[PDB]
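First, one chain by itself in structure tokens, the form deposited in one PDB entry.
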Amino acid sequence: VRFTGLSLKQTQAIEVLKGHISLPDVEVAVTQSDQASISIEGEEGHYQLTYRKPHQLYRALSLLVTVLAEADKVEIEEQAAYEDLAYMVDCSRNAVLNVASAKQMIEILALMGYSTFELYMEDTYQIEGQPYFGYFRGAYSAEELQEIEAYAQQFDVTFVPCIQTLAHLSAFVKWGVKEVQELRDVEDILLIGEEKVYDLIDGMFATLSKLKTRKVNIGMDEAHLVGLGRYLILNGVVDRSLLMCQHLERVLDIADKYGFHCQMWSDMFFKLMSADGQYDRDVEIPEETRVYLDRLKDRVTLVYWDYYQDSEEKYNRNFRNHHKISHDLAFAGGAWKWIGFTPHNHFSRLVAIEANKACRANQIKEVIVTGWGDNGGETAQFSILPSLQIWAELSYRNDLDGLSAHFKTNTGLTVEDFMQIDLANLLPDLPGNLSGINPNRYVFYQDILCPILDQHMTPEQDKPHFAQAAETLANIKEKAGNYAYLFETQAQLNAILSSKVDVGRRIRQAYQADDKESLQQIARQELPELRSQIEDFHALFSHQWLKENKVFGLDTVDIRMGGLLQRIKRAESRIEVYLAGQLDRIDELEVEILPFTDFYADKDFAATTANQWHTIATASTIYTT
């Protein structure tokens, strides 16, 4: 290609992006213009390209490459619905995105049209004088954060840290030293009102002030027991909505000291002022609280987060409730990658289409796409590219007509191929519109002898589904280039699930039937092979993890998978003891299996949602004293 109008910064950015896309040999005149987010016009190898904001050059080039593969004449104009579109990576659930992968992610977000890159870090950034904060977690140094931000700046992409200034600090407050314990209210919540807490928070902002950015998400979601622990012991019973405002004021004051403009998750206002303590609800605002909120609302952007609703009207109602507090709002949607090993791009697509309608209908200026990693970060960081492309398409075009072509330009894969990554969750009898159904994870981590999720399995449909999935994913792996690792991991997982889905039930059927030959084959053949397959899965998982993330946090997966392997060994040994006539009965197998949960009991499929490792793996105590 021959470009005119480019700055050195822009030519360098394009050099980097040539690692993702091939620019045709054509002539392109590039200028900034307020006329459109993106405009591309021309024919016969001579083109005029304009962008409104500098970062939008990179989506413009993605569109260019795409459109020119087919046609000679180009007529493209896009007007983005959102002033800012962000992707937030969870770096607090054990998986800290490594610097090299943050760079890759930035390049991709640039090509997609995102303005903003965000990292969610509860304790995973280093604070001078707080040596337990992020200790052995791979917390980013100030230097690493600076390097990441400066790399985003190469593409005119803004960096926004998402931190926690109230709750969700469990990995820090666990440390049994005076300087940490003195900071606690209860659970994962800091002690409102305590000077040492505000010293800590001043440290947080001191660290972030080393960056160029002066935009921050300060957290404050999900502090359900706020004011009810050591706070209650010291202060007695207080108005908790005012308590929230008091803490918020002090944090905004600290932010001000460093020149930051803040956003926060909105849920605690709703939980503390609704009838049943829930988010998705209307609120009675006490007068003294209203007055306090009327001040504070001018100093912070409230972020309404919702990853779940299947209809615009459901989001709309919540936006309406938020308007009672503030018209300075943003929306956080979901790239579903927090339900085990396997994402749910399909469900993310369904909710994105409807959330986009509601955001537009409520003149929402910013959408943050969230990539949470609940309970260990076991899903791949790059597993949700389709979901990111979907939101970009919805902002820029208000439809998904360009989704597959732009996605193929950006990744080398069709969007439908890449979205097969979801397969371990896609049981055939599920409706598309229910969230969190995650057999990928609970079929994997379930015990053998004591399979407490067995009532949720449907082997006649699930076995062939997982088996077919493994073949499909093996095929996509072969044409996935640099993303092949993602698919190889999923293929092996599905291969394991195909047999593991009912091995526990088949053991019980054979035991009840006195089919000792079957018992023997399971214990001597099937289970040692299952261990072999799990060890291979562990290797592939580790390869994936170390490619994307820092090493810290992988230890939890080692522990979990080692435990699973040992429990398979126990199934083998207990069966052998019984077969050698050294047991009259195998007591584990005499316990009748109950439903694990009734969450989806009223629905016409067996699968469910089960997303805590420690309750998947055992009915015994493991966490409690």
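One rule holds for the numbers: they count along the sequence shown, beginning at 1. So that the term is clear: the rigid core is the largest set of C-alpha atoms that superpose within 1.5 Å between two forms.
J.: Do at least a third of the other compared PDB entries leave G402 without coordinates?
T.: No.
J.: Please report whether at least a third of the other compared entries leave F270 without coordinates.
T.: Looking at the other entries that model residues on either side of it, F270 is missing from at least a third.
J.: So 204-212 or 537-545, which one's hotter by mean CA B-factor in the entry?
T.: Result of the comparison: 204-212.
J.: Taking the recorded C-alpha temperature factors, which stretch has the higher mean, 220-228 or 282-290?
T.: That would be 282-290.
J.: For the listed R295, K500, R93, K550, which has the peak Cα B-factor recorded in the PDB entry?
T.: Highest C-alpha B-factor among the listed options: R295.
J.: When the CA B-factors of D422, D123, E378, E179 are compared as recorded in the entry, which is the largest?
T.: Among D422, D123, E378, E179, the PDB entry lists the largest C-alpha B-factor for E179.
J.: Considering only modelled residues of the same chain, in which third does the CA B-factor of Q48 rank: lowest, middle or highest?
T.: It falls in the top third of the chain.
J.: Compared with the other modelled residues in the chain, in which third is the CA B-factor of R441?
T.: CA B-factor rank for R441: lowest third.
J.: Lowest, middle or highest third: where is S435 by C-alpha B factor in its chain?
T.: CA B-factor rank for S435: middle third.
J.: So where's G277 on the chain's Cα temperature factor ranking, which third?
T.: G277: CA B-factor falls in the highest third of its chain.
J.: Going by what the PDB entry lists, where does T618 fall on CA B-factor within its chain: lowest, middle or highest third?
T.: Lowest third.
Note that the form deposited in another entry isn't included here; everything after this is about it.
J.: For the list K196, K324, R524, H261, which one shows a CA move of 2 Å or more between the shown form and the other one after the core is fit?
T.: By this measure, the answer is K324.
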